[PDB]
>>> print(open('structure.pdb').read())   # PDB, N, CA and C atoms
ATOM      1  N   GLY A   1     -17.531  -1.299  18.311  1.00  0.00           N
ATOM      2  CA  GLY A   1     -17.021  -2.608  17.836  1.00  0.00           C
ATOM      3  C   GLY A   1     -17.197  -3.694  18.876  1.00  0.00           C
ATOM      4  N   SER A   2     -17.602  -4.883  18.427  1.00  0.00           N
ATOM      5  CA  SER A   2     -17.884  -6.014  19.320  1.00  0.00           C
ATOM      6  C   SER A   2     -16.766  -6.273  20.351  1.00  0.00           C
ATOM      7  N   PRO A   3     -15.477  -6.392  19.923  1.00  0.00           N
ATOM      8  CA  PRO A   3     -14.356  -6.707  20.837  1.00  0.00           C
ATOM      9  C   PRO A   3     -14.206  -5.727  22.005  1.00  0.00           C
ATOM     10  N   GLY A   4     -14.852  -4.572  21.911  1.00  0.00           N
ATOM     11  CA  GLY A   4     -14.748  -3.579  22.966  1.00  0.00           C
ATOM     12  C   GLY A   4     -13.653  -2.573  22.698  1.00  0.00           C
ATOM     13  N   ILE A   5     -13.148  -2.584  21.474  1.00  0.00           N
ATOM     14  CA  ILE A   5     -12.115  -1.649  21.061  1.00  0.00           C
ATOM     15  C   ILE A   5     -12.704  -0.259  20.862  1.00  0.00           C
ATOM     16  N   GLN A   6     -12.505   0.610  21.839  1.00  0.00           N
ATOM     17  CA  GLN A   6     -12.988   1.980  21.746  1.00  0.00           C
ATOM     18  C   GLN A   6     -12.218   2.743  20.678  1.00  0.00           C
ATOM     19  N   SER A   7     -12.925   3.159  19.643  1.00  0.00           N
ATOM     20  CA  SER A   7     -12.313   3.853  18.526  1.00  0.00           C
ATOM     21  C   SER A   7     -11.996   5.306  18.864  1.00  0.00           C
ATOM     22  N   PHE A   8     -10.974   5.488  19.673  1.00  0.00           N
ATOM     23  CA  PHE A   8     -10.455   6.812  19.971  1.00  0.00           C
ATOM     24  C   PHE A   8      -9.497   7.226  18.861  1.00  0.00           C
ATOM     25  N   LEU A   9      -8.300   6.663  18.894  1.00  0.00           N
ATOM     26  CA  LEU A   9      -7.333   6.833  17.824  1.00  0.00           C
ATOM     27  C   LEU A   9      -7.279   5.538  17.023  1.00  0.00           C
ATOM     28  N   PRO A  10      -6.467   5.457  15.954  1.00  0.00           N
ATOM     29  CA  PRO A  10      -6.248   4.191  15.256  1.00  0.00           C
ATOM     30  C   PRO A  10      -5.783   3.105  16.226  1.00  0.00           C
ATOM     31  N   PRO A  11      -6.161   1.840  15.979  1.00  0.00           N
ATOM     32  CA  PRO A  11      -5.845   0.705  16.873  1.00  0.00           C
ATOM     33  C   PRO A  11      -4.346   0.411  17.008  1.00  0.00           C
ATOM     34  N   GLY A  12      -3.516   1.305  16.494  1.00  0.00           N
ATOM     35  CA  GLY A  12      -2.084   1.181  16.662  1.00  0.00           C
ATOM     36  C   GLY A  12      -1.533   2.275  17.554  1.00  0.00           C
ATOM     37  N   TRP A  13      -2.419   3.146  18.020  1.00  0.00           N
ATOM     38  CA  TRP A  13      -2.035   4.255  18.879  1.00  0.00           C
ATOM     39  C   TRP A  13      -2.434   3.975  20.319  1.00  0.00           C
ATOM     40  N   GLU A  14      -1.487   4.123  21.226  1.00  0.00           N
ATOM     41  CA  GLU A  14      -1.737   3.863  22.630  1.00  0.00           C
ATOM     42  C   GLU A  14      -1.610   5.145  23.443  1.00  0.00           C
ATOM     43  N   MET A  15      -2.726   5.628  23.965  1.00  0.00           N
ATOM     44  CA  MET A  15      -2.705   6.801  24.826  1.00  0.00           C
ATOM     45  C   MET A  15      -2.418   6.398  26.265  1.00  0.00           C
ATOM     46  N   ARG A  16      -1.285   6.847  26.772  1.00  0.00           N
ATOM     47  CA  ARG A  16      -0.916   6.595  28.149  1.00  0.00           C
ATOM     48  C   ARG A  16      -0.894   7.907  28.909  1.00  0.00           C
ATOM     49  N   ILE A  17      -1.325   7.884  30.152  1.00  0.00           N
ATOM     50  CA  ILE A  17      -1.342   9.095  30.946  1.00  0.00           C
ATOM     51  C   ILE A  17      -0.057   9.218  31.746  1.00  0.00           C
ATOM     52  N   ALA A  18       0.843  10.061  31.258  1.00  0.00           N
ATOM     53  CA  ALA A  18       2.114  10.293  31.921  1.00  0.00           C
ATOM     54  C   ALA A  18       1.890  10.883  33.308  1.00  0.00           C
ATOM     55  N   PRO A  19       2.838  10.668  34.238  1.00  0.00           N
ATOM     56  CA  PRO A  19       2.758  11.211  35.605  1.00  0.00           C
ATOM     57  C   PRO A  19       2.589  12.731  35.617  1.00  0.00           C
ATOM     58  N   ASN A  20       2.889  13.354  34.481  1.00  0.00           N
ATOM     59  CA  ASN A  20       2.720  14.794  34.300  1.00  0.00           C
ATOM     60  C   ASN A  20       1.250  15.174  34.409  1.00  0.00           C
ATOM     61  N   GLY A  21       0.382  14.217  34.104  1.00  0.00           N
ATOM     62  CA  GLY A  21      -1.041  14.474  34.093  1.00  0.00           C
ATOM     63  C   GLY A  21      -1.576  14.603  32.683  1.00  0.00           C
ATOM     64  N   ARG A  22      -0.682  14.473  31.708  1.00  0.00           N
ATOM     65  CA  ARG A  22      -1.044  14.646  30.309  1.00  0.00           C
ATOM     66  C   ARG A  22      -1.075  13.310  29.579  1.00  0.00           C
ATOM     67  N   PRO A  23      -2.205  12.996  28.933  1.00  0.00           N
ATOM     68  CA  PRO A  23      -2.302  11.869  28.000  1.00  0.00           C
ATOM     69  C   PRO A  23      -1.323  12.015  26.845  1.00  0.00           C
ATOM     70  N   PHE A  24      -0.476  11.023  26.656  1.00  0.00           N
ATOM     71  CA  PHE A  24       0.436  11.028  25.532  1.00  0.00           C
ATOM     72  C   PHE A  24       0.204   9.799  24.674  1.00  0.00           C
ATOM     73  N   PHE A  25       0.214  10.003  23.376  1.00  0.00           N
ATOM     74  CA  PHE A  25      -0.104   8.955  22.433  1.00  0.00           C
ATOM     75  C   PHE A  25       1.156   8.384  21.834  1.00  0.00           C
ATOM     76  N   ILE A  26       1.414   7.146  22.176  1.00  0.00           N
ATOM     77  CA  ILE A  26       2.551   6.449  21.656  1.00  0.00           C
ATOM     78  C   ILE A  26       2.111   5.521  20.521  1.00  0.00           C
ATOM     79  N   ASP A  27       2.655   5.770  19.344  1.00  0.00           N
ATOM     80  CA  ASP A  27       2.301   5.009  18.159  1.00  0.00           C
ATOM     81  C   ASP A  27       3.112   3.720  18.109  1.00  0.00           C
ATOM     82  N   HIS A  28       2.445   2.606  17.857  1.00  0.00           N
ATOM     83  CA  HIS A  28       3.115   1.317  17.848  1.00  0.00           C
ATOM     84  C   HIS A  28       3.409   0.851  16.424  1.00  0.00           C
ATOM     85  N   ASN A  29       3.188   1.728  15.450  1.00  0.00           N
ATOM     86  CA  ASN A  29       3.487   1.416  14.060  1.00  0.00           C
ATOM     87  C   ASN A  29       4.929   1.786  13.745  1.00  0.00           C
ATOM     88  N   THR A  30       5.246   3.054  13.946  1.00  0.00           N
ATOM     89  CA  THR A  30       6.584   3.566  13.718  1.00  0.00           C
ATOM     90  C   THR A  30       7.337   3.653  15.040  1.00  0.00           C
ATOM     91  N   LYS A  31       6.558   3.742  16.124  1.00  0.00           N
ATOM     92  CA  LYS A  31       7.071   3.840  17.492  1.00  0.00           C
ATOM     93  C   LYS A  31       7.529   5.257  17.800  1.00  0.00           C
ATOM     94  N   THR A  32       6.571   6.162  17.914  1.00  0.00           N
ATOM     95  CA  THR A  32       6.860   7.529  18.305  1.00  0.00           C
ATOM     96  C   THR A  32       5.959   7.957  19.448  1.00  0.00           C
ATOM     97  N   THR A  33       6.318   9.063  20.054  1.00  0.00           N
ATOM     98  CA  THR A  33       5.639   9.548  21.250  1.00  0.00           C
ATOM     99  C   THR A  33       5.213  11.009  21.105  1.00  0.00           C
ATOM    100  N   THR A  34       3.917  11.247  20.997  1.00  0.00           N
ATOM    101  CA  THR A  34       3.397  12.604  20.889  1.00  0.00           C
ATOM    102  C   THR A  34       2.372  12.879  21.988  1.00  0.00           C
ATOM    103  N   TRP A  35       2.312  14.115  22.464  1.00  0.00           N
ATOM    104  CA  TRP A  35       1.298  14.493  23.438  1.00  0.00           C
ATOM    105  C   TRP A  35       0.066  14.994  22.714  1.00  0.00           C
ATOM    106  N   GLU A  36       0.311  15.683  21.616  1.00  0.00           N
ATOM    107  CA  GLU A  36      -0.741  16.330  20.861  1.00  0.00           C
ATOM    108  C   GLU A  36      -1.593  15.301  20.130  1.00  0.00           C
ATOM    109  N   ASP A  37      -2.887  15.309  20.428  1.00  0.00           N
ATOM    110  CA  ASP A  37      -3.839  14.372  19.833  1.00  0.00           C
ATOM    111  C   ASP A  37      -3.885  14.550  18.313  1.00  0.00           C
ATOM    112  N   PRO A  38      -3.462  13.518  17.565  1.00  0.00           N
ATOM    113  CA  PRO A  38      -3.392  13.569  16.102  1.00  0.00           C
ATOM    114  C   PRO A  38      -4.765  13.677  15.439  1.00  0.00           C
ATOM    115  N   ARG A  39      -5.824  13.461  16.211  1.00  0.00           N
ATOM    116  CA  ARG A  39      -7.178  13.527  15.680  1.00  0.00           C
ATOM    117  C   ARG A  39      -7.746  14.928  15.850  1.00  0.00           C
ATOM    118  N   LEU A  40      -6.924  15.824  16.387  1.00  0.00           N
ATOM    119  CA  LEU A  40      -7.298  17.227  16.530  1.00  0.00           C
ATOM    120  C   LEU A  40      -7.231  17.926  15.177  1.00  0.00           C
ATOM    121  N   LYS A  41      -6.642  17.239  14.209  1.00  0.00           N
ATOM    122  CA  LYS A  41      -6.552  17.741  12.846  1.00  0.00           C
ATOM    123  C   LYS A  41      -6.818  16.607  11.871  1.00  0.00           C
TER
END
>>> encode(input="structure.pdb", output="structure tokens")
Amino acid sequence: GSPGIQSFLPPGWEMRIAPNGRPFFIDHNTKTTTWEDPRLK
């Protein structure tokens, strides 16, 4: 996409790397926090 939006997860999902060393995906639609990549299924 032109804007540079890397289509990893939906544009409402924010993957942050917790100090644990694990990427966690925080959804900004409902506002939840999951470690497990929702695109794995």
>>> residues_around(input="structure.pdb", residues="residue 36 of chain A", least_positions_apart="3", cutoff="8 Å", atoms="only C-alpha atoms", output="JSON, numbers by chain")
{"A": [24, 25, 40]}
>>> residues_around(input="structure.pdb", residues="residue 38 of chain A", least_positions_apart="3", cutoff="12 Å", atoms="only C-alpha atoms", output="number ranges by chain")
A: 8-10, 13-15, 24-27, 33-35, 41
>>> atom_distance(input="structure.pdb", atom1="atom CA of residue 6 of chain A", atom2="atom CA of residue 28 of chain A")
16.6 Å
>>> atom_distance(input="structure.pdb", atom1="atom C of residue 32 of chain A", atom2="atom CA of residue 12 of chain A")
10.9 Å
>>> atom_distance(input="structure.pdb", atom1="atom CA of residue 19 of chain A", atom2="atom CA of residue 4 of chain A")
26.2 Å
>>> axis_aligned_box(input="structure.pdb", around="segment 2-5 of chain A", padding_each_side="8 Å", output="JSON")
{"center_x": -15.0, "center_y": -3.5, "center_z": 20.7, "size_x": 21.8, "size_y": 22.4, "size_z": 20.5}
>>> select_by_dssp(input="structure.pdb", residues="chain A", states="strand (DSSP E)", output="list in words")
residues 13, 14, 15, 16, 17, 23, 24, 25, 26, 27, 32, 33 and 34 of chain A
